[PDB]
Each structure stands twice: as structure tokens, then as C-alpha cells.
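In the form deposited in one PDB entry, a lone chain appears below as C-alpha cells.
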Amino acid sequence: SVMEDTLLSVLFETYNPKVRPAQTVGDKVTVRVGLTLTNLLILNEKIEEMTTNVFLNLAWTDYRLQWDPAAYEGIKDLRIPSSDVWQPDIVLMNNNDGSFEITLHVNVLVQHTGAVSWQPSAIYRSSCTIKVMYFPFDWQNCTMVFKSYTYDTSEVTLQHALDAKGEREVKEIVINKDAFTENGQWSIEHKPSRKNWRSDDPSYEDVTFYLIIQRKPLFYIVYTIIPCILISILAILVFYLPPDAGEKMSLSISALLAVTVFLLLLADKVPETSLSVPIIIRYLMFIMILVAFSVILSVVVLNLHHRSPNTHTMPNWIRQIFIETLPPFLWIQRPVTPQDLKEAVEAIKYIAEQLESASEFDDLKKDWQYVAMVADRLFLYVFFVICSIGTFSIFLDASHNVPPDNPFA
């Protein structure tokens, strides 16, 4: 185009893109900062970093890029490569890696009045402090802080982008339904934008975009919580087995090892911060300690069940507590209870005495076994109550955690 080339040659004859456009010394340049989110790619909790694919909607005015459309056959606007005009060095200040600037350098749109519009694109890694108190039933509050790296408040004034009609300001991240990809693990609840100042630094100002996002915890439920509930059921079961089965330690130790493995694997998905303990980890530790005490009490029960008068003498307090008082309360009462001829008589009498002694010994052994059974029943009830109450309480507390109706920003 002859006339567009002529206009370009006229505009940029003496235009210096390193000089901020200020018609008169002391003038400020109003820069409007908006943001459009196209895809909330990742939120890496291990490194506390949020990756987003966004457009950065900027707009300002350059008095030097002015012309009369009539003198150039009615050319209202131009698309000029962004490297040719001055732009404010608007960057993401709270990035995690070193990438400050934008990725894609699209053309700017300069209108005959001097209004410059520039909507670059970038993949930003922004550092986001993560609160783990309620992981995985947690909502995060991740921010992206944009400001001019170079110019301060005495040189550029930051404002909010205008809407499509150009009537009112847009105080929130813009989402284009035709170009937005739902994350699938996070749902966006609030997305306000707000200007921020520092009291001690009059030369500071930035536009911050907030993303209040709530995790959808189905994955963690299915793959971590239900298996631990089944393991806890087994741990409670261990106290219903009879000590004669010979499989009490197998069951209890297996439950303990399984829950420990679950904790170890889950340690890879939570941040290594130390400000609080996630609810999932608290539940896992609670179950682990409960199962360890299950192992210890099972060993105690086995020790009680394998005692005999030849080795132990039942003390009075054990008999008083476990034979008489508890069983009524636990509904586990037991049911209520000539030379040769002379030699032959002696032999029969010896056999009878042997049988009588054996019966008394067996009665005492049975008393010890009954003590073991009663203790095991008491432990069963106590552990069932504790496990149910603890699990229900922990997950009820987790369930009453939703982002506030007011973003406060």
C-alpha cells in the first residue's frame, strides 16, 4: 500500500522508541492494564507455582503517533510491530522463574488519535503461597502482580481496562467462553482485580489479579481416603478375632504397613512448607497411631491368653475387674458352671488323681483365657468408638471449608 507506507515513513522519521511519550515535562502516561485468562494450566503445589496462559490487555496514548485520516485517504488505524513503538515495561513481578516479559510480541494497534492498544500473550509461572491446612479440601488464593518494571508513579499511572463497549472499567479477569478451557481440578470462584499501593513507598503502584480457586477433591478421596477407611476397618476387626486363630499380628501389622505406605506416597503431593499440617496428613497420622496401639494391645491380649498356672498367678485386681465387673457391662457374660488287685486299685486311683489335677489346671487356664477375651472385647468397643468419632470429626471439619463470599479484593 503506497499511502500506508507514506504514513509510516512520516510517523517514524524522528520517533525514538526509547523515550517515554510526555508532551510536556512532568506529564504522566496513563496505562490501562487488563488480563484475559485462556487456560489455567497447572498449579504445582510442590514448588508453589501457578502456570497460566493469558492475554495482557494494555492500552495507552502516544501523542507522537497522530495523523489526520483525510490527508492519507482515510486510514483510521495501523498495525505496527511492537518493537517499533514505545511500550511500558509492564511485567509480572511475582513470577517464579526469571521470565519477566511477555512471550508473544504481537503488533500494536495505533489509532489516528494516538491511542495504542497492545494485547500480547504469555505463559506465566507466578509464585503462589499455598495454604495446606485443609488439603485436599482447600481453596487457594493465587495472585498475579503486574506493574511497570521501569517507570514509577511519577512517570506512568496504571488504571483498569475498559470493557468492550469502552464505557465502564473492568475490575476483574476477563474470561472468553469461546477460548477458555476448564481446568478440571480447580474451579474459579472469584477473580477480582485491584490497584495496590505501599504506604512507605509513594513511588509504588501495581495492578493485581486474584484467582480464588477451589479444588475438586474427588481424586484424592477415591485414591487415598477410602483405602485408609478400609484399612481402619481391618484395624478395628483385629479385636474380634480369637487369639487361637494365630492371625492377629498378621492383620494388625498389615494394616499398619498399608497406612504407613499411604502416608509415604501422599507426602510427595503436598508442599514442604511447615506452617501447618494438612487435614489428610492429620487423618493418616491419627489412623497410623491408632493401628500401632492396635498392634500393642493385640500383643497384650495374646500374652494374656497364653498364660497358665505353671507360669503366672492371677492377681486379685485382674480377677476383680475382668471376671466380675466388666463382662456384665460388655454383654459378654460366660455361661454359669491280693497283691495284683491292690496294685490295680492303686493304678486306677492314680489315674483319677491325674485327671482331677488336669481339670483344675484347665479351669485356671480357662480363667486366664476369659480375662483375655473380655479385655479384647473392651478394646474392640473403645477402638470402634474412637475411630468412628475421629474420622467423622476430621472430615466434617474438612467439609466446612469454602472460599468466602467476598473476595476482599
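Note that residue numbering follows the sequence shown and begins at 1. We call the rigid core the largest set of C-alpha positions that still match within 1.5 Å between the two forms.
Chemist: Once the rigid core is matched, which of the two stretches, 121-129 or 325-333, lies farther off on average in 8 other deposited structures of this protein by C-alpha?
Modeler: Stretch with the larger root mean square C-alpha distance in 8 other deposited structures of this protein: 325-333.
Chemist: Rigid core superposition, C-alpha RMS per stretch in 8 other deposited structures of this protein: which comes out larger, 270-278 or 284-292?
Modeler: Clearly, after the core fit, the stretch farther away in 8 other deposited structures of this protein is 270-278.
Chemist: Checking the other PDB entries with both flanking residues built, is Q339 absent in a third or more?
Modeler: It is, since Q339 is left out of at least a third of the other entries that model both flanking stretches.
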